[PDB]
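So the structure is just underneath, and the comments pick up after that.
Every read-out reported here was derived from the displayed coordinates using simple, explicitly stated rules and does not represent laboratory data. All Cβ positions, even for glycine, are placed from backbone atoms using ideal geometry, and neighbour counts span all protein chains on display.
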Amino acid sequence: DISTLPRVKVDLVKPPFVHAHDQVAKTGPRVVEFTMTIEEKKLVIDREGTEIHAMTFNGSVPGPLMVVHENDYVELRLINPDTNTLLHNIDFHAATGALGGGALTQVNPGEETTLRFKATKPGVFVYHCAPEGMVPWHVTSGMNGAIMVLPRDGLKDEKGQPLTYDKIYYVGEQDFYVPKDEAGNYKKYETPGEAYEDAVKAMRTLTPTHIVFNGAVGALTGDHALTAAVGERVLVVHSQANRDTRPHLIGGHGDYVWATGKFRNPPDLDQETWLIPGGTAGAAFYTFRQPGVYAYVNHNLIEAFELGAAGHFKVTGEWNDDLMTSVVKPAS
Amino acid sequence: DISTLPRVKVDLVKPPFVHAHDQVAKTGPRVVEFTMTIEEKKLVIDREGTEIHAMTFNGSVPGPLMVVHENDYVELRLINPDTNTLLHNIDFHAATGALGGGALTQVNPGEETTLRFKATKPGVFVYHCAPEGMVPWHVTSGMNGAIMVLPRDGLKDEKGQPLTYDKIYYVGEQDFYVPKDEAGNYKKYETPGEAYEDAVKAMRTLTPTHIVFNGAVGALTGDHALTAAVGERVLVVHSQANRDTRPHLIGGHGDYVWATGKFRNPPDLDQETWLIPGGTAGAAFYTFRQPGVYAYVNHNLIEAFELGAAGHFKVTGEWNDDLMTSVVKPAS
Amino acid sequence: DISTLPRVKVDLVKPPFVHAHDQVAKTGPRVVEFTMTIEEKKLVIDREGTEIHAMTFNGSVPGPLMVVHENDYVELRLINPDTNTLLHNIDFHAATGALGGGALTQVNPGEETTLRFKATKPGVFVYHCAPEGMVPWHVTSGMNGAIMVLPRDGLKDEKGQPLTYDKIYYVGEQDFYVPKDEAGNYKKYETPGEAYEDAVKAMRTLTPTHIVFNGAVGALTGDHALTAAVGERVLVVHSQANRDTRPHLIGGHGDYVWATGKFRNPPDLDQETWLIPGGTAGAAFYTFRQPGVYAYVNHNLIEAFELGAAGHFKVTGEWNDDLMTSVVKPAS
Ligand SMILES: O=N[O-]
Ligand SMILES: O=N[O-]
Ligand SMILES: O=N[O-]
Ligand SMILES: O=N[O-]
Ligand SMILES: O=N[O-]
Ligand SMILES: O=N[O-]
Ligand SMILES: O=N[O-]
Ligand SMILES: O=N[O-]
Ligand SMILES: O=N[O-]
Ligand SMILES: O=N[O-]
Ligand SMILES: O=N[O-]
Ligand SMILES: O=N[O-]
Ligand SMILES: O=N[O-]
Ligand SMILES: O=N[O-]
Ligand SMILES: O=N[O-]
Ligand SMILES: [Cu+2]
Ligand SMILES: [Cu+2]
Ligand SMILES: [Cu+2]
Ligand SMILES: [Cu+2]
Ligand SMILES: [Cu+2]
Ligand SMILES: [Cu+2]
């Protein structure tokens, strides 16, 4: 009887940050209430000023990470304002029935809907828009995110001992297929509707023009680099709603990795690089042991360094010479 | 001494259906006899009427699922009628030696051959034609299928408890590389031999023009949708002889998944999406919990919805509101 | 205190062969000294005589396999002679800190450097050059290899029992992106520097022109085929520094496979085909049971047979009819 369960309202935060939550559940099952507003907006995705008409949940690419526990109910109020122009919906890979909720959440501009589902399986899961006949277009325009369903007793290593993270980041990787004129220059349109046929043709090449973390080339760099300290335990959730990726932390490892994102399975140990299939979210746990700059990339290095799939960590603390040292510095 | 083992003759059925078999072996080892006839035929692969010269085992793309038990002998009589024009053979990834049987099964039109091999490893395995110097062409023209070698005591979960399926389907996913003229229109030829150089050039782009389930765009829809009931346990075998795929059941999960198809390994639990590498068969077990329509896709959603890699389940029975419900229906 | 540990100097050998080593460590921790000389050289990569300016560690593509044990120190003296023209460095995915050693190993032509790191995690790991702003170019020009860090007590099966290999081979798979003129012919340049902008454009297509084992089409064939005997236990280490691969032994299996290369994890059993993600090294153990020729391929069969990703084993010994036999040979 759901009416006797506690409700809690959660305010979502922008990726790569994640809303406050408990790892180990401090209450019984709850109904967890989220609200998201669909926003169609112009987005600049690279250093050259290339613009697309992005389709977003809550104004970001990716949409925000939702975090609940196993056997909670998720209640999502989804709003499509009349300033938008397209029909949207939502599919949760975490849910059971009705095309992930897709069949029940079709909202024209000016409408809203409230969906509830029970989070029966623990893991990280992709969510994405999926309107009938325009699925790939919506998803490759940025309309995806992820939900994390924690086990009620938190994460465990391969021996069943507890694993507790000190920080958590969410990296959404996005393939974009920006349409090109005859010579190879990117086209510009005034509305999402204008791009449609050109977008279908660009997608059919199966060759993205950009692959980015958090919505733009270099979004997770400089002032916006991810941070941590030597000694900290960091969980990095990574999603790709459409295409395979292979994350790698340059200078580090995935100590414990659930490459396909599902926590009832034991994690893979000591990974250098792991494969997250398109349509999946994955999670990697690392303990930092050296200070300095780290690059976190898609290890198709062309996709990383030419097409944009690269971010940075800045890590503070003490250097350990036992682990690594320059014996003789570069010299004639 | 094989001459003292029972023989049994099996008549194969068209995919996605699977010939009758016992999960748990009710006899000792047997020699299991199959016959297949190679058929070269014209096939219409999409709604636009695009035609290819397909190369088939037993008249279908994919070829039929063979099912035996561990330590059975498979005896396959393979017939190439004189109405065909090419040399064919067969390679079983389930077999040991002679290039999977490839070296011993070369049959010109007008010839036949009988091969026997012991099924020493349990799992689902790809079989495909592989004639010297034309391997990719034959395989990407549709000349592949799969064999399932069950453990003698049937399937087990990750704890070793029995898993029994109520139904089994076989989904063969096929990449096609139909050659294009200067403007992007599909070419047509009178014979398989005519297409050869154009086919090599199309393949070298590494970009398929179609990716289909069971031989055509929309083959597993409408009247030909897969069916089940709430409560039923369904095994879905999925093969791709040449290219990576990432299956996903929209509205469901892979409860138990052997993504690389080999049953001595424990299954992965609660998968949203899994990666079946090119040249592999995989198997996913799901128990339906909600009625309605489900889409079963390759979750590169472009490959699914634009290039054809999408099928449907129609599931009958009772709706469960605890799992999912619309609290407030789409409204102003 | 490193100064009291034994040192040992290892002379590296050309792939696919591997320097002599002990599986089970017969000493305590050591500092293991390697030297590599960077060589920029012209390389012919196919039967048509197509030439590239390759960037090599020690004159080969891939660079040589280094083999140490867990908790050894690796000390690498890396030399860039003044006959070269580019700045190079090295990143070890096996190491912790400073971008895998990348940050500490930048050597202009005429310089050398000596790096030391502790091999804290057991597995096979990729190493590759990664100079700031030219990472993909260096890696896809051939500047990668692998390091194997054995557990001190050698390899174990999924039950913890010892697995001992009789031979070990190293297969490096390389994607090349040779630039094409208007009509599709390969371009030629006098220096590496000349190709740069054309190389960036070729890479951005994400479509390689060649995919090879050991640096050329057909390098692991004929006189240079890998060999073994019926009964031998063979470890095949396989690396791809930039792009996904799916190895398959035609006529065989991966008895025990660590597809993502990390030995603290149990191996996957009875694999037909496995996925090694770009930026990873993997390892497969097989026991030969039949004599004859085997093809070892990337099982995207286009990549194998049209673009070059195929090698051979020649295996000697006794044929076993129980496993496989031709009952009726190809006949009218
Ligand atoms: O500006 N909206 O796509
Ligand atoms: O658009 N909200 O009713
Ligand atoms: O699904 N493309 O990696
Ligand atoms: O092919 N996906 O990186
Ligand atoms: O989804 N398996 O970690
Ligand atoms: O019609 N036979 O390709
Ligand atoms: O073609 N059968 O002999
Ligand atoms: O093998 N191509 O995914
Ligand atoms: O790249 N295969 O979907
Ligand atoms: O093939 N492993 O399920
Ligand atoms: O010949 N050196 O690229
Ligand atoms: O180039 N060695 O000093
Ligand atoms: O990373 N490309 O398979
Ligand atoms: O997509 N890599 O074979
Ligand atoms: O890296 N796992 O074998
Ligand atoms: Cu949408
Ligand atoms: Cu989906
Ligand atoms: Cu054939
Ligand atoms: Cu094969
Ligand atoms: Cu270099
Ligand atoms: Cu790397």
> For the range C:66-205, what percent of Cα pairs sit more than 25 Å apart?
Replying inline: 42 percent
>> Of A:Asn185, A:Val217, A:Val171, which is farthest towards the positive pole of the range A:152-243's charge dipole, taken about the Cα centre with +1 and -1 on the beta-carbons of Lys, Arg and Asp, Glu respectively?
In response: A:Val171
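Take every residue in peptide B:195-205, count the Cβ atoms of other chains within 10 Å of its Cβ, and give the average of those counts.
For peptide B:195-205, the averaged partner shielding equals 2.
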> Residue separation times 0.36 nm, minus the C-alpha to C-alpha distance between B:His19 and B:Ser332: what's the value?
Replying inline: 107.5 nm
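Just to verify a number: FRET efficiency for C:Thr27 and B:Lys180, C-beta to C-beta distance, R0 = 56 Å, to 0.05? Intermediate values should be presented prior to the final figure.
Details: r = 62 Å, r/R0 = 1.11.
So the FRET efficiency works out to roughly 0.35.
Among DSSP bridges having both ends in the protein assembly as shown, what percentage is antiparallel? Round to the nearest 5. Walk me through the intermediate numbers first.
On the way: 189 of 264 bridges.
Bridges in the protein assembly as shown that DSSP calls antiparallel: roughly 70 percent.
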> Per the helix-only calculation at 222 nm, which mean residue ellipticity applies to chain C, given -39500 (n - 2.57) for every DSSP H run of n ≥ 4 and division by its residues, nearest 500 deg cm²/dmol?
Replying inline: -1500 deg cm²/dmol
>> Sort A:167-176, B:91-100 by the packing proxy (mean of other Cβ within 10 Å over each peptide's residues), most packed first.
In response: B:91-100, A:167-176
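With a sphere of radius 13 Å drawn around the Cβ of B:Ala228, what net charge do the other residues whose Cβ falls strictly inside it have (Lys, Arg +1; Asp, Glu -1)?
Details: positive: B:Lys167, B:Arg233, B:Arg289, B:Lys314; negative: B:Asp166, B:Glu232.
Summing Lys and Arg as +1 and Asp and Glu as -1 gives +2.
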>> Just want the answer: with Cβ charges of +1 for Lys and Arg and -1 for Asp and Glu, which residue in B:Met36, B:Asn58, B:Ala25 is farthest toward the dipole's positive end in the range B:1-67?
In response: B:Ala25
>> Whole angstrom only: what separates the Cα centroid of the range A:251-303 from the Cα centroid of the range B:97-163?
In response: 34 Å
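Give me a single rounded figure for C:301-311: the average over its residues of other chain Cβ atoms within 10 Å of their Cβ. The partial results should precede the final answer.
Numbers: counts 14, 17, 7, 5, 10, 8, 4, 0, 0, 1, 0.
Average per residue, whole number: 6.
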> Mind checking the alpha-carbon convex hull of chain C and giving the volume per residue in Å³?
Replying inline: 150 Å³
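Return the percentage of antiparallel bridges among DSSP beta bridges fully within the range C:1-151, rounded to the nearest 5 %.
On the way: 25 of 40 bridges.
Close to 60 percent.
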>> How large is the direction-averaged shadow of the alpha-carbon convex hull of the range C:1-151, in nm²?
In response: 9.4 nm²
> Quick one, what does Rg over Rh come out to for the range C:152-318 if you take C-alpha atoms and the Kirkwood Rh?
Replying inline: 1.04
> Can you give the direction-averaged projected area of the convex hull of the alpha-carbon atoms in the protein assembly as shown, in nm²?
Replying inline: 38.6 nm²
> Which value in nm describes the separation of the simple spin-label points at C:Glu197 and C:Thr227, placed 7 Å from the Cα toward the beta carbon?
Replying inline: 5.1 nm
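Rounded to two decimal places and with Rh computed the Kirkwood way over Cα pairs, what is Rg over Rh for the range C:126-246? Walk me through the numbers before you get to the answer.
Numbers: Rg = 18.4 Å, Rh = 17.1 Å.
Using Cα coordinates only, the ratio equals 1.08.
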> Average projected area of the Cα convex hull of the range B:9-54, in nm²?
Replying inline: 4.9 nm²
> Taking the label point 7 Å from Cα in the Cβ direction, how far apart in nm is C:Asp321 from each other copy of itself, listed shortest first?
Replying inline: 7.1, 7.1
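Across every pair of different alpha-carbon atoms, what Kirkwood hydrodynamic radius in Å does the range A:86-148 reach? Spell out each step's value before the answer.
Details: mean 1/r = 0.0833 Å⁻¹.
Averaging 1/r across every pair of different Cα atoms and inverting gives 12.0 Å.
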> Which translational diffusion coefficient, to the nearest whole µm²/s, is obtained for the range A:149-196 from the Stokes-Einstein equation, given a Kirkwood hydrodynamic radius over C-alpha pairs, 4 °C and 1.567 mPa s?
Replying inline: 82 µm²/s
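Counting alpha carbon pairs within less than 8 Å and at least 6 residues apart, what relative contact order, in whole percent, applies to chain B? Before the final figure, lay out each step's value.
Working: 851 pairs, mean separation 50.7, N = 332.
Answer for chain B is 15 percent.
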>> Using Cα-Cα distances under 8 Å and only pairs 6 or more residues apart, what relative contact order does the range C:1-151 have, in percent?
In response: 24 percent
>> Under the convention of a label 7 Å out along Cα→Cβ, give the distances in nm from C:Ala20 to the same position in every other copy, shortest first.
In response: 6.5, 6.5
> For the range A:222-262, what ratio Rg/Rh do Cα atoms give with a Kirkwood hydrodynamic radius?
Replying inline: 0.97
>> Counting other beta carbons within 10 Å of each residue's own, what order do A:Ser3, A:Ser239 fall into, fewest first?
In response: A:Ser3, A:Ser239
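For peptide B:243-250, how many partner chain Cβ atoms fall within 10 Å of a residue's Cβ, on average? Please report the intermediate quantities before stating the final value.
Numbers: counts 6, 9, 2, 7, 2, 7, 2, 10.
The shielding value for this peptide is 6.
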> Setting aside same-chain residues fewer than 8 positions from B:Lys41, which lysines have a Cα under 28 Å from its Cα?
Replying inline: B:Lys9, B:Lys14, B:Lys180, B:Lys187, B:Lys188, B:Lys201, C:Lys329
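Sort C:197-203, A:219-225, B:257-263 by packing, meaning the average of other beta carbons within 10 Å per residue, with the highest value first.
Working: C:197-203: 17.9, A:219-225: 14.6, B:257-263: 25.4.
Descending packing order for the listed peptides: B:257-263, C:197-203, A:219-225.
Would you mind ranking B:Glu33, C:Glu75 so that the residue whose beta carbon has the fewest other beta carbons within 10 Å leads the list?
On the way: B:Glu33 16, C:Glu75 21.
Fewest-to-most Cβ neighbours within 10 Å comes out as B:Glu33, C:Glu75.
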>> I need B:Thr316, B:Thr50, A:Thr273 ordered by Cβ neighbour count within 10 Å, fewest first.
In response: B:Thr316, B:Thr50, A:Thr273
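How much of the DSSP bridge set in the range B:152-318 is antiparallel, in percent, rounded to the nearest 5?
Details: 32 of 42 bridges.
Once the DSSP bridges in the range B:152-318 are tallied, antiparallel ones form about 75 percent.
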